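Shown next as structure tokens: one chain only, the form deposited in one PDB entry.
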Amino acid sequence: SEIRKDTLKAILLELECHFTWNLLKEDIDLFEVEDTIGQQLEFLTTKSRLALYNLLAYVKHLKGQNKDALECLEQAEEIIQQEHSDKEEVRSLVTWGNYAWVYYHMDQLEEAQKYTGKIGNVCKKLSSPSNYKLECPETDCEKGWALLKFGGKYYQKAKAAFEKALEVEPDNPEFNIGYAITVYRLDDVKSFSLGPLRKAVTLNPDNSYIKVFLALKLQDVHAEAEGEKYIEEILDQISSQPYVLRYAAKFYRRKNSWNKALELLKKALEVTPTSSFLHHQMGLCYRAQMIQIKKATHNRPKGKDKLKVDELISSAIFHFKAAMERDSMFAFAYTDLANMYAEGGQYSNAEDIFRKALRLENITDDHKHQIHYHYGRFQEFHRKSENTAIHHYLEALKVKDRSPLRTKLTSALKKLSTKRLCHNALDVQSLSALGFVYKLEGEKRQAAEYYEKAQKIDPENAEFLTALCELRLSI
């Protein structure tokens, strides 16, 4: 019954849980996010797992695995009853909301209704100003973690949420970890997060997770020795924790300690061998060492150095391929592989990989942006095909017009267009590109001038029509 389903849905929309927090699947690589959560769950004391489990449920639902979501929620509830607490029913609200939603998506409306009933009973007994939600620091914290896990588009939101929690308990250890981590990811380099991370470490003395990020930030601001002291402080504790291991390995990698990084990444991979992220990290290690050697030997490594370089290239390729095999949506692996091929002169291979990458549909717009950027670079400096380079820089801008890559893209587009003017009138490609760039930079008259020509050459082009229709609104 559509009527009953919508009637229930109206209530579901009032709840506080992952299903009402605007966490768009399009914004993430589902398999990566699932991998990340699984890694954070490893050998983690059960108590600290609640939020993870709730989030994992939502993620399993996003993957079309509602039963696995049920399993995750069963685990979350068990964690809740394991804490024996007089904050129990309150602590169960998110889990219950997720239950209600998951049962709704399984067309099992009465179950869902049971959970909305429990939630409503709790809200009424506590005389909440809302019928199906309850103002709660814990819930703000949980939402903070969910947002943070959905990536760069959500960091500001995450910060807001942690701050709300922090407004109630400013010295709560967990809230402080979430806030500090969020400001850390926002730092990507700035170091606004240094104070917050120091405080978070102070409030969580035996927590490896927060210390590794303090170490990474200390490294960022050229306080390497202190950071390394933190890393050594957590080494023994993290030997079964792939998630912390990979950041410790990152610290070592950035310090050029290749074998230390590889040692930790190998332990991590032994915990979670299905991980694309971990393979990709290994490949990055091999690659960085190879680059360091080529640099030192002025691009002519001899003897042992030569052997080592070959071996490193093969290892890097191996790991980027492993990462692609474990998650076809893991875009960084494709572009790193293709770029390594391109550097070695292997243009046919680079092209195979790039083409696979350009044909992926269900990846995020950020990844697509970057893929187009890299393929355009490949076209400009290796193929020497300025037209295709223009096409892809343009695509990169269309998909995501305000990123750290915006100036590179716009300047490159202007430069390549001007180079087109050396012997020929502008192609429709270059005209389109300049129209786009100038419209984006605010030069509406010039943009309009370029689109007029683009149109005159291609009269039925819907893009030029729409651009002109829009531009004629101005001034």
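For every residue, the number given is its place in the sequence shown, counted from 1. Residues that one form lacks are left out of the comparison. Under this definition, the rigid core comprises the largest set of C-alpha atoms superposing within 1.5 Å between the forms.
Trainee: How many residues that are in the deposited sequence but not in the model lie between residue 188 and residue 189: none, 1 to 3, 4 to 9, or 10 or more?
Mentor: Count of unmodelled residues in between: 4 to 9.
Trainee: Comparing average C-alpha B factors as deposited, tell me which of 328-336 and 292-300 sits higher.
Mentor: The deposited B-factors put 292-300 ahead on the C-alpha mean.
Trainee: Quick one: higher average CA temperature factor, 422-430 or 26-34?
Mentor: For C-alpha atoms only, the mean B-factor is higher in 422-430.
Trainee: Taking the Cα B-factors listed in the entry, which of 147, 76, 90, 261 comes out highest?
Mentor: Highest C-alpha B-factor among the listed options: 90.
Trainee: Whose CA atom has the top B-factor in the entry, of 202, 182, 256, 121?
Mentor: When the deposited C-alpha B-factors of 202, 182, 256, 121 are compared, 121 is largest.
Trainee: Sorting the chain's CA B-factors, does residue 220 end up in the lowest, middle or highest third?
Mentor: Its C-alpha B-factor, which the entry lists for residue 220, ranks in the lowest third among residues of this chain.
Trainee: Please say which third, lowest, middle or highest, residue 397 falls into when its CA temperature factor is compared across its chain.
Mentor: Middle third - that is where residue 397 ends up once the chain's C-alpha B-factors are sorted.
Trainee: Determine, from the deposited record, the chain-internal third of the Cα B-factor for residue 61: lowest, middle or highest.
Mentor: For residue 61, whose C-alpha B-factor we compare with every modelled residue in the chain, the answer is the lowest third.
Trainee: Sorting the chain's CA B-factors, does residue 170 end up in the lowest, middle or highest third?
Mentor: Its C-alpha B-factor, which the entry lists for residue 170, ranks in the middle third among residues of this chain.
Trainee: Divide the modelled residues of the chain into thirds by Cα B-factor and specify which third, lowest, middle or highest, holds residue 196.
Mentor: For residue 196, the deposited C-alpha B-factor lands in the middle third.
Below, we turn to the form deposited in another entry, even though it does not appear here.
Trainee: Closer or farther: how do the Cα atoms of residue 47 and residue 242 compare in the other form versus the shown form, where the change is at least 3 Å?
Mentor: Distance between the C-alphas of residue 47 and residue 242: shorter in the other form, by 3 Å or more.
Trainee: Relative to what we see here, could you say if residue 196 and residue 46 have their Cα atoms closer or farther apart in the other form, with a change of 3 Å or more?
Mentor: The answer is closer, because the C-alphas of residue 196 and residue 46 approach each other in the other form by 3 Å or more.
Trainee: Are there runs of at least three residues between the shown form and the other one whose C-alphas all move 2 Å or more relative to the rigid core, and where are they?
Mentor: Shifted runs of three or more residues, which all move 2 Å or more: 45-48, 421-426, 456-460.
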